[PDB]
Amino acid sequence: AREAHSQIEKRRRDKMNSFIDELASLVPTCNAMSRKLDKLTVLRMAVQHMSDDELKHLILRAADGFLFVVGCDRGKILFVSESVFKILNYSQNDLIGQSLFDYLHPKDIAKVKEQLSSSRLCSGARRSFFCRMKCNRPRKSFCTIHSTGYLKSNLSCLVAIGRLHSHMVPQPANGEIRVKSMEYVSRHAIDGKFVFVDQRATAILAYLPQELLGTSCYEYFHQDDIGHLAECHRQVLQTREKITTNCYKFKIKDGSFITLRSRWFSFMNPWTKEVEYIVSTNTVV
Amino acid sequence: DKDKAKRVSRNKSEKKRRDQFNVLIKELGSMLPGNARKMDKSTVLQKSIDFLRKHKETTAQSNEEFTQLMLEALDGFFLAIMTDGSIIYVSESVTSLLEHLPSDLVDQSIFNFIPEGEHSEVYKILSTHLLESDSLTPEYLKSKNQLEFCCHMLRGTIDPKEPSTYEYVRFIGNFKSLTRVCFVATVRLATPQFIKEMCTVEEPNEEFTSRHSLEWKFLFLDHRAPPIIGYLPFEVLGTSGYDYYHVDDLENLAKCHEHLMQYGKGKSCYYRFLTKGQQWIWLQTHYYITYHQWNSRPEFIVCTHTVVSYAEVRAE
Amino acid sequence: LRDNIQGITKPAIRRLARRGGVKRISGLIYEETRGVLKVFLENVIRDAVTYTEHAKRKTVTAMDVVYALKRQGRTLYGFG
Amino acid sequence: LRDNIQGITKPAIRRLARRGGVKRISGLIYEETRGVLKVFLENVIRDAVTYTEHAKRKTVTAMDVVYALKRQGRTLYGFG
Amino acid sequence: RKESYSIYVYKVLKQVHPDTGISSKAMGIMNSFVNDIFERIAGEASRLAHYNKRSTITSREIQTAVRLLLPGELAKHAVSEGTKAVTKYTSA
Amino acid sequence: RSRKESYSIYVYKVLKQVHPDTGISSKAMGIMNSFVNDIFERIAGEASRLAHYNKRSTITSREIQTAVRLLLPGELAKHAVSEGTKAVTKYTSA
Amino acid sequence: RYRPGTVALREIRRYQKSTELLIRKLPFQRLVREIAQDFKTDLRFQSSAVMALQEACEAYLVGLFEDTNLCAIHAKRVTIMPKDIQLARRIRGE
Amino acid sequence: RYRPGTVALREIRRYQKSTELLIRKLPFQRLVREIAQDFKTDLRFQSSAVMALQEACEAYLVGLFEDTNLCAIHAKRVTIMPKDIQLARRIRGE
Amino acid sequence: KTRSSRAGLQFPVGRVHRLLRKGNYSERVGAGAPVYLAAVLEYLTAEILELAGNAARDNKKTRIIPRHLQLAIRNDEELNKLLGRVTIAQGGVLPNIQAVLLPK
Amino acid sequence: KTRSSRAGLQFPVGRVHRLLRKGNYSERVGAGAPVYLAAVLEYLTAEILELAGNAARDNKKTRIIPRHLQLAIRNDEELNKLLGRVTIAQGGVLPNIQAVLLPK
DNA sequence: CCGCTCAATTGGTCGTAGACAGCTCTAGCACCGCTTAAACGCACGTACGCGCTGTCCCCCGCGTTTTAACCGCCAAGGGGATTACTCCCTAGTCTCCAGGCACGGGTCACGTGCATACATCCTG
DNA sequence: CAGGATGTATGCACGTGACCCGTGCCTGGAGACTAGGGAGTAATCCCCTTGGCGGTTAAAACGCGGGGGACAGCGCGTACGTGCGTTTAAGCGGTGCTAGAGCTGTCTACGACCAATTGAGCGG
């Protein structure tokens, strides 16, 4: 019985050796080598030895804005796509090897430093922010760029696409088809101060998130609509029920007004039975 | 002092060699197709032998991170349909943009989602275009196969009572023959989506833990949350848990928490959480309450958060 | 309340030590003894209370003290 | 069987004492240790045998040793 | 209703010391003693039956428990007493 | 042939969820089996007495929780009680 | 006056002969409640429970003192030190 | 020559590090039979039973030795005496 | 006829039998089991009472008190081993003083 | 489906239930009791194995041996309280050396 | 001592836990031959245990003063103990099938032996 | 710098020791269902603990004196530790035999259970 066992071990050794030599035969370097390579070396060389282009065109033709890569340690631009010349009018040679902070607006640089900070691309590494970037051809010295991307590992960097969205809304919905309008979410203190605002608001309101937070919605509401909106505000504080406003004008960064309609409610935290904030969903008319 | 560890140095060295071999076996096996556990080393090498044969042949006869990034920035998805309108493939990103599962689109007619007044445009685009390729030039490179057109598409929904709602999208793509002729395009929403819902979890299962005060403020956040929610513990501590919840889900969660206040234990409804990366992620949470021994009254809430798929949310 | 451990007076400790056959006591003993007694009481009380809580009672009975001592390896006779 | 207690050698005792962290041993310890061991071992055996007798068996099992140790507050893991 | 051994303890005391009475405090001690020994034997007998896969308790388990639980001199007497009691009981 | 129950399956699985890169010796496994039955008896015994002391005829999570609070050190008891609470909650809810 | 140690031997004989509690009852009751309040407030206590605790506590401390006395004697000391108590406690399993 | 006590330290470290039985197994097995014959002659033993006894015995003695060592140290001594063993056994109520 | 009487015992066989059936000690209890046990309980009880009665007499008392039970149990080495972990309410302690404490 | 699966437990709730229903611990066993206990057993098991796995790696081992279980138990104050009187086959000891013995 | 149960005991019926007879193989008991690490006995050196002197300061004994403890009384009412009804929880029953377990075959980790080449070193 | 000789380390093959997968498979877990006893609950009571009021008093707090005990320092010698050679019996690896452990099947005497009777035990 012991003899059978021992020869089974021989069979195992023989089978392994047979496969190691066979594995070696598939590696050009191992096959070219005259000498009988050791088992460790064969395996090392074997692991070294171990459509997408169609998709590349499919996605690139649909591409918009520009890709850029910026280092987290210094804000240095490591790469940018040629399409950036359409948007910022700077060339690849003007941006690469220079700090992104040299092109960002001073108020947005602080936000980018925070965005670049760490916390198949995973959502945890995901970053998305609006910022103002300098243009080679000029307030018009800057344009508002939406930057969305993920943090990537020697120098850590953000890989993101910068997109220059139109402040105008192209192709209005047809009356025949029920089409979802543009929307943004914001939340307000009891006195109407922004305590939260999203990027959709910035695309719609032109104001970047830091330009809205800590200010009253009444600073942007048109006085013709404030009387109505103020009534909705006074009422919404009294109820959990959603109150929908009429269409109203809201001031945007470029100094113009746009027409919005919004649904408001006062959210109560059941643990304290207290209103945390006014919650608003705004809709573009 | 007395000489020692001579035997240990030799035994360690012999063992070190065995460890090096074991590392290479693991590495070699890891790259294989048809990966399985409990394979013997002989099987690992045999599959590695066959893999190298297949790898050399397939590469001789022949972008992910970029493609994901560009699709998200564009607020778009790949969509491929037959001339007959039947959908053959769609990128998962469509679920975040139009709330459609791949299972809702694939094998279905595209005209089920296009408004009836726009059917003729897409039927014309599919039916008018015909091309036979030569043996030298790939179809995608031919300007004849490249096409750009726009149409509306119906959105999916969790609650079917919601009135039919559509999105205007642009198709940028090319015609390709399959072993019939399909059209494949990146579909971009004309209306930008600066915030979207994560509908599929990148891992089969993931979880994170937190503790909350009797005001529902964060008392604790574990090391597992930040990879999921993007926030480090100090970024959430002292803030209300509600600050991260979706506008519609705030009310349903309040009801769930009221139930928890009543029984001290339970499970939440499905809800969305706003990540630092500005994505809404669908979650479901298990809760229990811990009590102050002196009087057996509540002191804090312990929360176990499970990330869930859009399909799981809509299923119940 | 508080500070009732000091209610275990030096003489009270002397008497106990004498029953134990102790002829002479250092001053450091008295504080040490109080510490030990406090722990002992905490152990018995914690268990006696635990029994009381399980029974959903608010009054601690001698039987709970007995059950606490029994599980601790100490058996006391004459209290039911 | 006699004098098998001598089977517990002085070196064996030294080594056990070393495992107990003992640096230095008086000569009287070796016999004292044998005496104490004899008693401890006897107490366990008497119980193990008693279990065996109750079981109406002629062979003592490890389980009887475990039970004998268990009731004596010498719970042992690894033998079931 | 509550039960005690005070009747039986008293009767036993009069067998050994007819001239002697018992205090209520001492009686409390004796009742605790009887219940404690009952628990010790009943517990040991239960474990013995368990270890031998027996569902029934017999005099063998108790005798064994007595031999295990009691000191040598007490065990010898207690066993003879139990043996006599069962023998007499069976005969009567 | 006869069959004997063991916890070896479950002890193994638990380790694989904690330290997947490690295994268990046969002696260590025998020790863990000895440990599980010991603790089981301690809890089941304590729970039995608690039912007796309160003239109850049924063992519930309350007896076990109490036995756990009595038997374990406070740190382990807190965790063990929470785990027992969660397991029952999840089970009864499904 | 008597030379020190003579009175102690008289006291030892007296207290060993005695059975009554050597510790003051009311201070003890306050101490019990002071401790018990930490596990649960608004507790009530039977007078029998208090006596049970006092009897158990004195028996415990006296037993500890006996072992403590032996330790001091073993060290060829008459006066007992905290270190004698700590050793006895450690050996006893505390 | 190694100075007195340097060997003992190496031995302590070595024996504490190891897990092997220190008592010679056959002598032990005979000792078990030598005692067991007093309760019942013509008695047989499982080999595992003998090892179980030995492991319990060595563990017991080691525990006793550690307490004994503390007693000698408490006395400001290094050498352990039978007196130190007897004290430890008395304190543990053996 | 009373089972206790058949066994020649003072202790109640019926109560013991019931107590063995209670407590969940077993699924079944042998008829001779409570008889054997009652004899043991009675025997041990008698040993303590007899010794305690002597202690009472030594103290010139005609009634047993916990002090007497304590002395009897602690003086008898077999009972001391059996009940060495037991505490007796108002038992006091044995009058033991170490010789090293005595004057010389 | 197994109750253990329904409770998210690894331990055999069905086995635990049988073991609680047997052994005469009570006349009846609550349906939730086995689940609660299985969770406790699993928790304690995990705590020991977690420490043991560290002990193995701290010594460059990939295999848990009795020594690791002993070391884990004696180093962990709570486990040593629970298992302080327990002896382990080939358990070994903590490397306790008194300062008076050490060179200085 | 007096009154009144219903706990204790009788005498059945019933199902089965254990005793009993029997067989099957396991592990222990008994013994030998050979290897050599542990065990024994002896020689030599000194660190450690022990006894002793001599400070020096800590505790014990005693008195006197002051404080809370015991003892006794009281009332307030809360909580444990009790009895009465509902119903729902799990033991008990029957059934089905797959998860955990044992046995066989096969595989991996280990030291240990050996071949072999390279490090190195002695002298020309 | 060369060649022959010696040792370190690399590399492999070797079988044993430890280990796991597969196949079988059946036992025991889970599911469905019911019966009726246990537990939960409401409604009640009234015994015991809480709490205070007041006085008497021993017990506790505090202060001082001075002898006794704890302790440090010093010296003595010897019982112990350390090293060595010699020996032996413990380990190890066998062989050889079967008493006893352990499981299988039969059948009984046994205790559980219930209806009936009665007189030892409990309240006052």
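In chain I, numbers come from Swiss-Prot; the residues present are 16-119, in order.
Structure determined by electron microscopy, 3.6 Å.
Backbone N, Cα and C define each Cβ position, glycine as well.
According to Swiss-Prot, the features are:
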type     : residues : note
CROSSLNK : I:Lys16  : ubiquitin cross-link
MOD_RES  : I:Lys37  : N6-(2-hydroxyisobutyryl)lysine
MOD_RES  : I:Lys37  : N6-crotonyllysine
MOD_RES  : I:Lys37  : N6-(beta-hydroxybutyryl)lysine
MOD_RES  : I:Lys75  : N6-(2-hydroxyisobutyryl)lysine
MOD_RES  : I:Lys76  : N6-(2-hydroxyisobutyryl)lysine
MOD_RES  : I:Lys96  : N6-succinyllysine
MOD_RES  : I:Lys96  : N6-(2-hydroxyisobutyryl)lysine
MOD_RES  : I:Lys96  : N6-(beta-hydroxybutyryl)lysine
MOD_RES  : I:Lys119 : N6-(2-hydroxyisobutyryl)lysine
MOD_RES  : I:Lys119 : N6-crotonyllysine
MOD_RES  : I:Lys119 : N6-(beta-hydroxybutyryl)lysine
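Of the recorded residues, I:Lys76 (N6-(2-hydroxyisobutyryl)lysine) and I:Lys96 (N6-succinyllysine) place their C-alpha atoms 27 Å from one another. There are 13 other CB atoms within 10 A of the CB of I:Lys96 (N6-succinyllysine), with all protein chains counted. Neighbour density around each Cβ, counted as other Cβ atoms within 10 Å, peaks among the modified residues I:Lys75, I:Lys76, I:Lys119 at I:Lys76.
Highest local Cβ density among the recorded positions I:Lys16, I:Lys37 belongs to I:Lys37, counted as other Cβ atoms within 10 Å over all protein chains shown. Taking the C-alpha atom of I:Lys75 (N6-(2-hydroxyisobutyryl)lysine) as reference, the shortest distance to any of the recorded positions I:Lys16, I:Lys37, I:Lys96, I:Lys119 belongs to I:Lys96.
A straight line from the CA of I:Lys37 (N6-(2-hydroxyisobutyryl)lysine) to the CA of I:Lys16 (ubiquitin cross-link) spans 23 Å. Counting only the Cα atoms, the space from the residue listed as 'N6-succinyllysine' to I:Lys119 (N6-(2-hydroxyisobutyryl)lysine) is about 34 angstrom. Each residue contributes its Cα atom, and for the residue listed as 'ubiquitin cross-link' and I:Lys119 (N6-(2-hydroxyisobutyryl)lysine) these two points are 67 Å apart. Checking the modified residues I:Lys37, I:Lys75, I:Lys96 against chain E with a Cβ-Cβ cut-off under 8 Å leaves I:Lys96.
Contact with chain G, taken as any Cβ pair under 8 Å, is found for none of the recorded positions I:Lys16, I:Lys37, I:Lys75, I:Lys76, I:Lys96, I:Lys119.
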